[PDB]
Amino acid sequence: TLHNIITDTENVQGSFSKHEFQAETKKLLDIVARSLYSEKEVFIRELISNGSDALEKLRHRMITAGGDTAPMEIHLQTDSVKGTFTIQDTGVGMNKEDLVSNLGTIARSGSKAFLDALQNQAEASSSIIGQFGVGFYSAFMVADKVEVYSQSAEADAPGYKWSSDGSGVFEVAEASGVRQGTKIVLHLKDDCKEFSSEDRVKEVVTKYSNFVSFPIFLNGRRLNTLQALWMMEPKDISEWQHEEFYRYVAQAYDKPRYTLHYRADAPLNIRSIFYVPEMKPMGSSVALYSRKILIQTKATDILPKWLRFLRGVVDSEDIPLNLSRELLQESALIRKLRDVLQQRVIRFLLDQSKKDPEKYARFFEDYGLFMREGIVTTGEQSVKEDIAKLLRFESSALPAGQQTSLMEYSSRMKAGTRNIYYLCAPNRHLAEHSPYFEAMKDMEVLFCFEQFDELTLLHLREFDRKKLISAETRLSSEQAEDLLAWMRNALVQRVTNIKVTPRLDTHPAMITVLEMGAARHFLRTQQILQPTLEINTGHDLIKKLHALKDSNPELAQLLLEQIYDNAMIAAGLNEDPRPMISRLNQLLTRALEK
């Protein structure tokens, strides 16, 4: 039933003309200045990056030719009456030939050419931002008209004025008195007048360009420029610099409880700092930077989903950037970086689990849901068991409240079998009285009390080739029976079985449950599943129950309901006993007729 028409029918029956690829220049300018960025404000990022590059070239140049004590800075000026945005740097500037070439030609980058001639380990090779040759045209996004004044440091080269409206043509004339470097004046479109507002410019500068290495001034005022902590030696960073940097980078008001300052060079250059907040659960995630400039507020491809609880920053200088500079290209190197980072963070958290198990215990209670989620969603067994190292549970051999890893269980496994038995229960009381538990008379059972603990072990399957397997695979003798047959008569629509058990002392009764899909079904029903009473015939209230049933057919009932309800609370199946209170008050009142 196939329908295909693709057929090898074509033969070239002629000569062979040869052409070169062309570019429609007019249209290309329109694209860059329109359908490139997601946001207009981004022209500021571009112009400042260009200023930085210009200064950085000048700094490189004065390593050999120096040295002027000329100051290296970027100035921004707003004029809200003329509707202009102006940016000036005191960098290397441009002569006439470099204005025509660099500005007049789309995709032509002088910074790229400058980078390509550097010794591969000169400092400028890491700090230069531009290489596409298009960012300057982002000015036409917001400006009807653009004027560039430029003075190069040269053979007393004259100053020059470049001007364009962005519609295919530009003018260049000689000028004075242009200061060494480059001044760019944007005559803003009516719809872009907001970029002649001081407060708005300031918002853009701090958003993208807050860690630019040269001083930024706006209307003669120094902006609050921060240090890119991630670029520095981890032992030149104090704990209290990390605290301030974290709050800034995470938009937080607490302190990091964990800090991982990670640096390396393969598969990519990476300078990064991760934080775990102290507070139990823009800057809602880890930010991506390249050469100290924001690429994405919320980095998408560099970390796994389950690690989204980390705050902080990743900076790579050779990460392949998309032309918009707000996305990353598809790369085997980005993929490897995510793998590398996943292991690095896992490794870091293990180490912390040893240094301070108590602090790690606190960490796990708060953020353990993410490990659980990670184990479930990632369909690769090798890493499921890498995330699983971070999990904690209680045990059938260890005291209540005390945590163990799978490792501390897998170690204590006898040479006999190679499979791990868990019992996922709402709490300790119910675990210790599971019939399935008592099957394990002698084997140790992991007690998994946390939400989705059952789900992860299901999705886990195996750990260290060991298998995860749910472990769910006085008063005479007729006085009791009479009382029993009587208790079954009032709890008809509630419990199923009323046993009698010789293992009670202070408690008159207790509730047990067989299968715990239903126990974890009740709750969360409230916003009736097979419970079982067990009676202590030695207890006074039970002995007081047996008698009163015939001496009081209106008061006893209260004593029965109460004993039942008290047992349900004791089992952790009723933590909001609001419904019993008024009744209990009736019981106490009727009891206290003395």
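The first residue of the shown sequence is 1; numbering continues from there. We call the rigid core the largest set of C-alpha positions that still match within 1.5 Å between the two forms.
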Checklist entry - Rigid core superposed, root mean square over structures and residues, which stretch has C-alphas farther from this form in 6 other deposited structures of this protein, 44-52 or 555-563? => result 555-563
Checklist entry - Which of the two stretches, 81-89 or 506-514, moves more in 6 other deposited structures of this protein when the core is held fixed, judged by C-alpha RMS distance? => result 506-514
Next on the checklist: Can you check if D199 is missing its coordinates in at least one third of the other PDB entries compared, counting only those that model the residues either side of it?
Outcome noted: no
Item to check | Unmodelled in at least a third of other entries of this protein, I528 | outcome: yes
Checklist outcome for this item: Of the deposited residues between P281 and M282, the number without coordinates is 4 to 9
Checklist entry - Per the record, how many residues of the deposited chain fall between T473 and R474 without being modelled: none, 1 to 3, 4 to 9, or 10 or more? => result 10 or more
Next on the checklist: When the Cα temperature factors in the entry are averaged, is it 130-138 or 172-180 that ends up higher?
Outcome noted: 172-180
Next on the checklist: So, looking at the entry's B-factor column for Cα atoms, which has the higher mean, 400-408 or 119-127?
Outcome noted: 400-408
Checklist entry - Out of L307, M487, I319, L341, which shows the largest CA B-factor listed in the entry? => result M487
Next on the checklist: Among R494, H242, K202, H261, where is the Cα B factor highest in this entry?
Outcome noted: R494
Next on the checklist: Quick check for you: using the entry's CA B-factors within this chain, is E561 in the lowest, middle or highest third?
Outcome noted: middle
Checklist entry - Looking at the C-alpha B-factor of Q451, is it in the lowest, middle or highest third of its chain? => result highest
Next on the checklist: Taking only the Cα B-factors deposited for this chain, tell me whether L333 sits in the lowest, middle or highest third.
Outcome noted: middle
Item to check | Within-chain third of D98 by Cα B-factor, per the entry | outcome: middle
Checklist entry - Can you tell me which third, lowest, middle or highest, the CA B-factor of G374 falls into for its chain? => result middle
